[PDB]
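S.K.: Quick one: the structure is below, and I'll ask about it shortly.
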Number of protein chains: 4
Amino acid sequence: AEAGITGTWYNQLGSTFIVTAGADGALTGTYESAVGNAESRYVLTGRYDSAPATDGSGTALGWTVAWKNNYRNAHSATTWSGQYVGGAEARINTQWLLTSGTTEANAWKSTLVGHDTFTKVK
Amino acid sequence: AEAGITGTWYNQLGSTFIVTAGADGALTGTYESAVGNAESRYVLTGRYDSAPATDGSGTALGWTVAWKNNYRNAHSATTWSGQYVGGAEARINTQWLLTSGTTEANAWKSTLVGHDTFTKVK
Amino acid sequence: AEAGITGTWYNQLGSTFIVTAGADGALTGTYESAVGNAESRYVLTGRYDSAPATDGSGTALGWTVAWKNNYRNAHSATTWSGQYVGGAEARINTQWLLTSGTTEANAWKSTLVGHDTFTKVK
Amino acid sequence: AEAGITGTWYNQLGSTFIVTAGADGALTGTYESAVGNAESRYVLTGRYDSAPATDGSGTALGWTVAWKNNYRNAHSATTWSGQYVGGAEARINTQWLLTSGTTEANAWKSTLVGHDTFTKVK
Ligand SMILES: O=C(O)CCCC[C@@H]1SC[C@@H]2NC(=O)N[C@@H]21
Ligand SMILES: O=C(O)CCCC[C@@H]1SC[C@@H]2NC(=O)N[C@@H]21
Ligand SMILES: O=C(O)CCCC[C@@H]1SC[C@@H]2NC(=O)N[C@@H]21
Ligand SMILES: O=C(O)CCCC[C@@H]1SC[C@@H]2NC(=O)N[C@@H]21
């Protein structure tokens with residue numbers, strides 16, 4: 001939790017996310033996707049468990065990125081749900097949902113699901 | 001987008017979420033779950049597309065809730081990814097990921113997936 | 001389980017699925033999608049719990065459809081995971097994963113997730 | 001497709017799956033889980049695209065396992081949706097949904113989601 005999360009993280013696609021974990025469970029930062037209809041940095045906000053279990057369990061967390069910034073607007077938003085595992089080789093393992101705004105007829109195909117693993121080393 | 005999202009919403013489980021959508025894509029509010037290891041209100045933060053398509057597409061959005069408040073700490077976080085559809089009968093259709101902090105051995109079973117539909121009427 | 005599952009079911013998109021649940025947990029039948037790159041009937045195969053709990057729990061089941069038949073080949077496959085709830089108003093509630101064959105570069109966006117509810121009445 | 005899929009595969013949890021891919025898109029075999037409420041082998045059935053794209057795209061496939069055999073009955077079923085990528089280092093990348101039979105009140109938490117990567121080497 002807290003201290004260990006703040007920083008720059010890289011995932012397997014080459015995306016970068018910089019976050020600051022605040023004392024009372026808030027996560028704020030920017031995300032830069034190495035793939036998709038995206039360019040530059042996007043604002044992200046989220047929450048994490050600031051009083052995790054004192055056993056070897058991970059710290060649960062999640063964040064959202066709406067893919068609109070001053071350069072592009074992909075009319076979609078991605079939410080990452082996962083846990084932070086600290087130690088020598090810290091990582092954040094997540095599963096994500098990317099929903100695009102669609103008309104009612106295409107709603108059935110509006111959401112993509114995947115998984116990303118973030119490390120402090122890339 | 002914006003104006004239409006702010007308010008109190010209810011989903012099919014009986015949970016309540018009150019949010020304020022700010023001018024530049026931010027969502028802030030509280031969530032009260034009618035089920036699970038939860039009690040009272042939890043803080044939520046998210047993002048939405050503040051410049052959605054002008055055709056009949058929904059507005060993409062997402063938010064996160066870390067299930068820790070002054071009464072309980074379920075060491076888990078839920079992220080809702082979906083879209084807002086306005087009109088006579090406005091609704092927010094979503095899919096969610098609920099991840100619990102686990103030890104590495106139980107990580108494979110750390111995440112639940114489901115779907116919630118929110119209406120302004122309950 | 002068994003007897004109660006065999007038949008024709010319809011979901012909210014208007015798709016039809018006809019299945020036969022065999023004595024030892026097998027499900028065989030055809031699926032006709034009302035949406036997507038599909039035409040006519042596709043072969044489906046799956047499994048279900050043929051000795052479900054005797055309390056009011058649902059019967060877990062799942063099936064797969066590869067979207068290739070004599071008319072079309074969408075190079076994708078959908079798997080539905082859910083449970084059968086019997087009674088006056090029987091239904092099968094499911095969540096599904098639709099994966100398309102992609103090149104390694106586009107693998108991150110290869111899978112769609114959604115949910116379908118099947119009834120014996122349409 | 002076809003020839004390349006038949007065989008024994010191992011995933012990162014240490015589970016084993018042996019399948020035979022038949023000429024017209026059928027997959028039959030057994031699965032042995034290294035984790036969960038499981039013991040020994042379970043029957044699996046599925047489908048795959050037997051006429052995949054001739055570019056470097058993966059072959060889409062999916063299969064289901066109902067966790068009931070002669071030793072145990074976990075009243076749950078798992079469906080794996082993914083694609084087969086052949087070559088020197090062949091693998092099947094998947095995302096899965098594990099649904100447990102529950103009472104209507106607990107249905108919201110009936111499904112787990114995860115991802116498994118299978119190799120011919122373990
Ligand atoms: O195409 C879009 O809608 C915008 C870019 C989406 C990028 C995705 S979301 C999950 C995955 N992980 C990343 O770092 N990028 C992709
Ligand atoms: O059990 C927990 O970890 C805390 C409560 C979780 C409640 C869930 S998250 C999705 C679903 N929708 C709701 O409104 N509540 C449940
Ligand atoms: O587009 C394709 O790849 C083939 C058709 C896919 C139809 C989907 S799978 C889930 C959803 N439920 C249905 O009945 N049809 C759509
Ligand atoms: O606990 C159960 O219901 C039976 C065992 C479930 C094992 C799961 S399903 C996905 C994951 N991959 C595996 O090989 N095993 C676990």
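By convention in this document, the chains of the structure tokens carry letters A, B, ... by their order, each chain's residues are numbered from 1, and ligands are numbered from 1 in the order they are shown.
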Residues within 10 Å of residue 111 of chain A, please, as a list in words. Count only C-alpha atoms; anything in the same chain fewer than 3 positions from it doesn't count.
M.R.: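 Counting only the stated atoms, we get residues 76, 77, 78, 96, 97, 98, 99, 100, 101, 102, 107 and 108 of chain A; 81, 82, 83, 94 and 95 of chain B; 109, 111, 112, 113 and 114 of chain C.
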S.K.: Using only C-alpha atoms and all ligand atoms, what does the table of chain C residues within 9 Å of ligand 3 look like, with each row giving the shortest atom pair and its distance in Å to one decimal, sorted by chain and ascending number, as CSV?
M.R.:
```
residue,atom,partner,partner_atom_place_in_ligand_line,distance
C:10,CA,ligand 3,14 (O),8.5
C:11,CA,ligand 3,14 (O),6.7
C:12,CA,ligand 3,14 (O),8.1
C:13,CA,ligand 3,14 (O),6.1
C:14,CA,ligand 3,14 (O),7.0
C:15,CA,ligand 3,14 (O),4.5
C:16,CA,ligand 3,14 (O),7.2
C:17,CA,ligand 3,14 (O),8.5
C:31,CA,ligand 3,14 (O),7.9
C:32,CA,ligand 3,14 (O),7.2
C:33,CA,ligand 3,14 (O),4.5
C:34,CA,ligand 3,14 (O),6.0
C:35,CA,ligand 3,7 (C),5.3
C:36,CA,ligand 3,1 (O),3.5
C:37,CA,ligand 3,1 (O),3.9
C:38,CA,ligand 3,4 (C),4.8
C:39,CA,ligand 3,5 (C),8.3
C:65,CA,ligand 3,9 (S),8.3
C:66,CA,ligand 3,4 (C),8.5
C:67,CA,ligand 3,4 (C),5.6
C:68,CA,ligand 3,4 (C),8.6
C:73,CA,ligand 3,3 (O),8.4
C:74,CA,ligand 3,3 (O),5.2
C:75,CA,ligand 3,3 (O),7.0
C:76,CA,ligand 3,3 (O),5.2
C:77,CA,ligand 3,3 (O),6.8
C:78,CA,ligand 3,9 (S),5.4
C:79,CA,ligand 3,9 (S),7.9
C:80,CA,ligand 3,10 (C),7.9
C:95,CA,ligand 3,10 (C),8.8
C:96,CA,ligand 3,10 (C),6.4
C:97,CA,ligand 3,10 (C),7.5
C:98,CA,ligand 3,9 (S),5.8
C:99,CA,ligand 3,3 (O),7.9
C:100,CA,ligand 3,3 (O),7.0
C:112,CA,ligand 3,9 (S),8.6
C:113,CA,ligand 3,10 (C),8.1
C:114,CA,ligand 3,10 (C),6.9
C:115,CA,ligand 3,10 (C),7.6
C:116,CA,ligand 3,12 (N),6.2
```
S.K.: May I have the residues within 7 Å of residue 85 of chain B as a list in words, using only C-alpha atoms and disregarding those fewer than 6 positions away in the same chain?
M.R.: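 These residues fall inside the cut-off: residues 58, 59, 91 and 92 of chain B.
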S.K.: When you draw a straight line from atom CA of residue 71 of chain C to atom CA of residue 110 of chain A, how long is it in Å?
M.R.: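 Taking atom CA of residue 71 of chain C as the start and atom CA of residue 110 of chain A as the end point, the length is 25.6 Å.
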S.K.: Determine which residues of chain A DSSP labels as strand (DSSP E) from the backbone of this structure, then write them out as a ChimeraX atom specification.
M.R.: /A:7-11,16-21,26-32,42-48,59-68,73-85,91-100,111-119
S.K.: Point out the residue among C:49, C:104, C:2, C:55 with the least atom-to-atom distance to ligand 4, counting only C-alpha atoms and all ligand atoms.
M.R.: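 Among C:49, C:104, C:2, C:55, it is C:49 that comes nearest to ligand 4.
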S.K.: Restricting the calculation to only C-alpha atoms and all ligand atoms: of C:46, C:19, C:106, C:84, which residue gets closest to ligand 1?
M.R.: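 So, comparing all the options, the nearest one is C:106.
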